[PDB]
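[1] Please work out how this folds:
(12 chains)
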12 protein chains.
Amino acid sequence: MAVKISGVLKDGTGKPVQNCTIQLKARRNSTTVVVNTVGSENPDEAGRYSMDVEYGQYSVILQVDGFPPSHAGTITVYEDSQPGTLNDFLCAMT
Amino acid sequence: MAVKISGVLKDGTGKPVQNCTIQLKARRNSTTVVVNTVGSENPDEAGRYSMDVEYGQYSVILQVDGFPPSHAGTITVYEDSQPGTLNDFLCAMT
Amino acid sequence: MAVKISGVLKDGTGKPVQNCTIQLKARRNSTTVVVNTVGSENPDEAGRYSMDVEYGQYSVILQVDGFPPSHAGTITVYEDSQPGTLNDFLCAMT
Amino acid sequence: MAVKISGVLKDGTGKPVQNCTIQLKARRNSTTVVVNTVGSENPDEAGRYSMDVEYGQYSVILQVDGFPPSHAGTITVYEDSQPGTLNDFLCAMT
Amino acid sequence: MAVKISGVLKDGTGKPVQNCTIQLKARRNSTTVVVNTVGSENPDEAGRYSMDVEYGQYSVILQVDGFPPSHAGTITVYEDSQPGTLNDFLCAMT
Amino acid sequence: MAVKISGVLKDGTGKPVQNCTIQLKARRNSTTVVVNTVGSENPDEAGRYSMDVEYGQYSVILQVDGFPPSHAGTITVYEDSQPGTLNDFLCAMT
Amino acid sequence: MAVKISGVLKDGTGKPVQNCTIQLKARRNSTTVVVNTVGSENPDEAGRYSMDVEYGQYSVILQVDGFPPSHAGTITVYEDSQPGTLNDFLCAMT
Amino acid sequence: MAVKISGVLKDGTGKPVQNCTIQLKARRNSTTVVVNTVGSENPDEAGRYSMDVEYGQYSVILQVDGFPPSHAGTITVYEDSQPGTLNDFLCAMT
Amino acid sequence: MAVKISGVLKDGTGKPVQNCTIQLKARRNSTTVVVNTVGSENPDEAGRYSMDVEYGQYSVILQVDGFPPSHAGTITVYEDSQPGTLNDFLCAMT
Amino acid sequence: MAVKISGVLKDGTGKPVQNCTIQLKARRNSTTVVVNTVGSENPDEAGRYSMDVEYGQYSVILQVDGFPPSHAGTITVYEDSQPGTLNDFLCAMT
Amino acid sequence: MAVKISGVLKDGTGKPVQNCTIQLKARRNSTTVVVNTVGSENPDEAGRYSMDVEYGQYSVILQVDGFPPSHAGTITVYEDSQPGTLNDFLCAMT
Amino acid sequence: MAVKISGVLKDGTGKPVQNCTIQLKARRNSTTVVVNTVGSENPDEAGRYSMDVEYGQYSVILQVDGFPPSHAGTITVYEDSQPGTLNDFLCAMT
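    Residues are numbered from 1 along each chain as shown, chains lettered A, B, ... in the order given. Take a look:
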């Protein structure tokens, strides 16, 4: 199953960030994802993003049209996670 | 929420600075801001600035047209912070 | 005898991978295959793959148009193996 | 408030110095001036200069089309100083 | 006498491999073969191969216009062997 | 108040020097002269010079059209000084 | 006299070798052959060769069009030697 | 006052030297001559020279558009001397 | 007197060797030959050679258009030698 | 006073020296000749030379058109010296 | 008195040497020959040479058109020597 | 007085040597010759030379447009020598 990861993506001054590109980098083999595979997603102009993420361990990469990739960190989804925003997984007590 | 930061910024000789821009770079990802994201604002011709800032720790950069980028310092916006000028956050005890 | 390897190939965000290529390298020569021989097959537009592999040890290579070759890992198919996705074969205990 | 620094600028032969530029490089964060902000002031043909200086610590630089920028020294304006000339601030007992 | 070697050459995915070339590099002087002599014989489009090997010691080279020559291993033909496939000679207990 | 420094400046053989230039460089800033400020006049065709020198310590440079700059020495005009030739100030006891 | 050396020249797979050349370099001067002298003669398409060789020690070279020269070994034709193929002398006990 | 120095400049064969030039390099600050000042006096075709030197210490340089400047020696015009020739000052017991 | 050295020059295959040239490099002064002198002899198409050698010590160099000069060795002719072939002098027990 | 230096200039084979030039260089400055001053004369076509030299130490140089400058030696002509050839002065006891 | 040296110089194969030249170099000056003087003679078409040499010690050089100059050796013609070939002088006991 | 040196100049093979040039390089100052003065003398086509040498010490150079100048040696002529050939002076007991 795919857990829904949804939210809005704002910069540090309360405005949406445009030209974004969010990438999920698999680091270990899962039941349905092969290692070293990237899954991309492009937010809209208002900053809304929504993805269907398969469980496993991933590295998050954020690219904004003139930014070298910003390694936000590693997220992990098990068979107990509930739908939420991307930021909670980064801030979650791993 | 967001704390409102408003004021006017000048130089030693009591004049507004022109063609400048303030950039806040988030050095630690938060519940609403992802790490390593810059949010910028250009003051008006009178040097007046006004912007809504999300909580967390930020690094402040001033860029003036021609001059090398200046690293003013680091600010921290907590849940108990009250509105004020940008200078007080720089001068706040750490 | 050739075990049937069937499945669908997706990434972290639950989408098929296009322009992909799956290669199997015979690591150790067997009574049916000769060592250092590559066998590859391109999945369809929906990311569905089905191959008939001979038994032995193989190293799996994932090739994507644009990215450098990925080293998924190593599979070892015995005479007693049952049909299934290659994801189970990489994640099988060794 | 701004202390009013006024005077005349003469060289060693008792003559006005032209094509000058007095700049104030702020070295510490103040309640009204951000770090590394320069404010220029060009005196008239008779060597008269007058500036309104916000209190704090400054490094005075005197740039003439000729000798490289001459570091006159560091000046400091508390909230007790009275209006005067820049030479007294340079020569004041720190 | 010439031992007949016959078989079908397949890659890891149970398919014939085309454009190949099997070379037998003789490493030791035999009664009828001089050292460092090669014999090339290309199999058909269905992967069928057959040679008339003279007894002795040989190194097998599999050249497939691609990966460099693949030293599959030394074969040895005694004067008590029976006709078979090349893979058995590779896998034979030396 | 500027001491008057007047006289005639000749060479070893008793002739006036033409195309000359006398430069005073303030090595230490005073209440009326800022540090590292140069003052120069060209003497007349007869080698006669007249100066209104502010109090303080200066370094004297002799510049002739063609020769490299000469370093005559250092003078120090106190408050008890009296008008006289420049040549005495270098030769005064220190 | 001359010992007769007649036979056919096959390769590992039982085929004749074309564009071949046998070279006999005399490594020790004899009653009838001076040192460091070669004699080269071309076998036919069937691979047959016929050589009347004088006594002494020789080094045998196979030169086949395209390949680097091959050093088959060294032969020693004595007075008690009987006619035979070239392979027997190389394979003879030394 | 100026000490008159006159004479005739003859080379080693009792002949006048032409195209000559005598320079007096002041080496110590005097009451009437600034340090590092040169005064030339070109003799006539018959080798006669006559100068009006001031008191002090001088280095005599002899430039003859040829051999490089010849540092003859240092002359001191003590304020008890009487007019003479240049050679007497060189030969004088300093 | 000159001893007659005659014979037929054959290679290891038992054939005449054409395009040859035999040279005798004298290494010590003799009664009739000065040291470091070479005398060439070109055999005919059937390999026959015949020279009239003066007694002494020589080094024989057999040069053919091809392989580099092959120094067969040293020959010595004393006042006891009988006419023969070149090969005997090489093989003679010196 | 001046000593008369006269004579004829000859070489080993009793011949006049043509295109010659005699140079006297004042080694030590005296009451009549300044130091490092050269006085030269050219002998006539028969090699006859005559000059009037002042007292002191001189280094004598012979310059011939084509040959490198020769350093004949050093002469020391005194107050009591008698007229003669420069050969005697060069050969005089020192 | 010049001893006459006459003879014919051959090579190993009993032939005259053409385009030759014999050089005698005097290595020690004598009462009739100055040191380092080279006297040469070209033998005729039949190899016959006839020279007459002065007494002393000489180095004998052979020069042949095509080969680098040979160093034949050393001879010493005394006052008691008898006319003979050049070869005997080389072989004479020393 | 000049000693008369006369003779004939022959090489090692009893023939005159042409194109020669005898040079006398003086080494010490004499009463009539200055150091490092050379006097040439070209002999005629018959090798005859006759020179007049002033007494002293000389080094003899023999330039023959060939071998570089040859140091024949030192010749000393006192006021007792009698006329003779150049070779005797070289061979004379020094």
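
[2] so which residue of chain A comes closest to chain D?
    Nearest residue of chain A to chain D, counting by CB to the nearest CB: residue A:13, 17.5 Å away. (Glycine included, C-beta is placed from N, CA and C.)

[3] show me what contacts the spatially closest residue to residue A:28 that is not a sequence neighbour?
    Counting by CB to CB, 6 or more residues apart in numbering or on different chains, residue A:28 lies nearest to residue A:57, which is 5.3 Å off, once chain neighbours are set aside. Residues counted as contacts of residue A:57 (CB atoms under 8 Å, 6 or more residues apart in numbering or on different chains) are A:26-28, A:74-76.

[4] Which helix or strand contains the residue found closest to residue A:42 once you drop the neighbours it is linked to in the chain?
    Spatially, and ignoring its direct neighbours in sequence, residue A:42 is nearest to residue A:21 (5.7 Å; CB to CB, 6+ apart). Using DSSP states H and E, residue A:21 sits in strand A:20-26.

[5] Check which element follows that strand along the chain.
    Counting by DSSP H and E, what follows strand A:20-26 is strand A:38-41.

[6] Render the CA-only coordinates of that next one in CSV, please.
    Provided in CSV are the C-alpha atoms of strand A:38-41 (Å, rounded to 0.1, in the frame of the first residue of the first chain):
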residue,chain,number,x,y,z
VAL,A,38,14.5,8.1,-7.8
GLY,A,39,10.9,9.2,-7.7
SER,A,40,10.3,12.9,-8.6
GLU,A,41,7.4,15.2,-7.9
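
[7] Which element, helix or strand, includes residue A:53?
    strand A:48-54.

[8] and that strand, is it in reach of chain C?
    Yes - between strand A:48-54 and chain C, judged by CB under 8 Å from any CB of the partner chain, the touching residues are A:51-54.

[9] Can you show me the CA trace of the helix or strand that comes right after that strand as CSV?
    Using DSSP H and E, the helix or strand that follows strand A:48-54 in sequence is strand A:56-64. C-alpha atoms of strand A:56-64 as CSV (Å, rounded to 0.1, in the frame of the first residue of the first chain):
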residue,chain,number,x,y,z
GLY,A,56,10.7,1.7,3.2
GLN,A,57,13.7,4.0,3.8
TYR,A,58,14.3,7.0,1.6
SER,A,59,16.5,10.1,1.2
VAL,A,60,14.8,13.3,0.4
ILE,A,61,16.3,15.8,-2.1
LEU,A,62,15.0,19.2,-2.9
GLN,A,63,16.0,21.2,-6.0
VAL,A,64,14.9,24.7,-6.8
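
[10] Indicate each strand paired with strand A:56-64 and its parallel or antiparallel sense.
    strand A:20-26 (antiparallel), strand A:70-77 (antiparallel) (DSSP bridges).

[11] start to end distance for stretch A:62-78?
    End-to-end distance of stretch A:62-78 (CA to CA, to the nearest Å): 23 Å.

[12] picking that back up, among the residues of strand A:48-54 next to chain C, which ones are buried?
    A:51, A:53-54 (16 or more other CB atoms under 10 Å in any protein chain shown).

[13] Next one: the residue of chain A found nearest chain E relative to residue C:43, how far apart?
    Of all residues in chain A, residue A:34 sits closest to chain E, at 17.5 Å by CB to the nearest CB. Distance, residue A:34 to residue C:43, using CB to CB, to the nearest Å: 12 Å.

[14] Residue A:59 is in contact with residue A:22, correct?
    No - if you go by CB atoms under 8 Å, residue A:22 and residue A:59 don't touch, sitting 11.5 Å apart.

[15] who has more neighbours, the two?
    More neighbours surround residue A:22 than the other of residue A:22 and residue A:59, with 22 against 16 (other CB atoms under 10 Å in any protein chain shown).

[16] For chain A, which residues are neighbours of chain K?
    Residues of chain A lying close to chain K by CB under 8 Å from any CB: none are found.

[17] do you know how far the closest residue to chain K within chain A is from residue B:36?
    At 71.2 Å from chain K, residue A:68 is the closest residue in chain A, using CB to the nearest CB. Distance of residue A:68 to residue B:36, computed by CB to CB: 9 Å.

[18] Equivalent analysis for residue A:73, please.
    11 Å.

[19] out of these two, which sits in the busier spot?
    A count of neighbours by other CB under 10 Å puts residue B:36 above the other of residue A:73 and residue B:36, at 18 against 15.

[20] So which of the strands paired with strand A:56-64 is the most surrounded?
    Most buried of the strands paired with strand A:56-64, by mean neighbour count (mean count of other CB atoms under 10 Å in any protein chain shown): strand A:20-26, with a mean of 20.

[21] got the contact list for that one?
    A:9, A:33-43, A:47, A:49, A:51, A:53, A:56-64, A:69, A:86, C:11-13.

[22] Who are the contact partners of the residue in chain A that chain J sits nearest to?
    Per CB to the nearest CB, residue A:68 is where chain A lies closest to chain J, at 71.9 Å. Listed by CB under 8 Å, 6+ apart, residue A:68 has no contact partners.

[23] quick check, it in a helix?
    No - read with DSSP: H, G, I helix; E, B strand; the rest coil, residue A:68 is coil and lies in no helix.

[24] so how far is residue A:76 from it?
    From residue A:68 to residue A:76 the distance is 25 Å (CB to CB).

[25] cool, and residue A:37?
    From residue A:37 across to residue A:76, the span is 16 Å (CB to CB).

[26] swap in residue A:86?
    Distance from residue A:86 to residue A:76, by CB to CB: 13 Å.

[27] and the residue of chain A nearest chain L?
    For chain A, CB to the nearest CB, closest residue to chain L: residue A:68, 74.1 Å.

[28] phi, psi of that residue?
    phi -60, psi 150 (degrees, to the nearest 10).

[29] what does residue A:83 give?
    According to degrees, to the nearest 10, residue A:83 has phi -60, psi 140.

[30] go on, residue A:5?
    The phi/psi pair for residue A:5 (degrees, to the nearest 10) is phi -110, psi 110.

[31] Give the burial count for it, as a bare number.
    Residue A:5, neighbours per other CB under 10 Å, totals 23.

[32] ok, now the one 5 residues further on?
    Using other CB under 10 Å, residue A:10 has 18 other residues around it.

[33] beta partners of it?
    residue A:16, residue B:33.

[34] separation between it and chain C?
    Noted for residue A:10: a distance of 21 Å to chain C, by CB to the nearest CB, to the nearest Å.

[35] Contacts only, for that residue.
    A:16-17, A:47, B:32-33, B:54.

[36] got it, and residue A:91?
    Counting by CB under 8 Å, 6+ apart, residue A:91 has contacts B:29-31.

[37] out of the residues you listed, which are buried?
    B:29-30.

[38] now the contacts of residue A:91 as JSON lines including distance to chain G?
    JSON lines is the format used below for those (distance: CB to the nearest CB, whole Å):
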{"residue": "B:29", "distance to chain G": "64"}
{"residue": "B:30", "distance to chain G": "70"}
{"residue": "B:31", "distance to chain G": "72"}
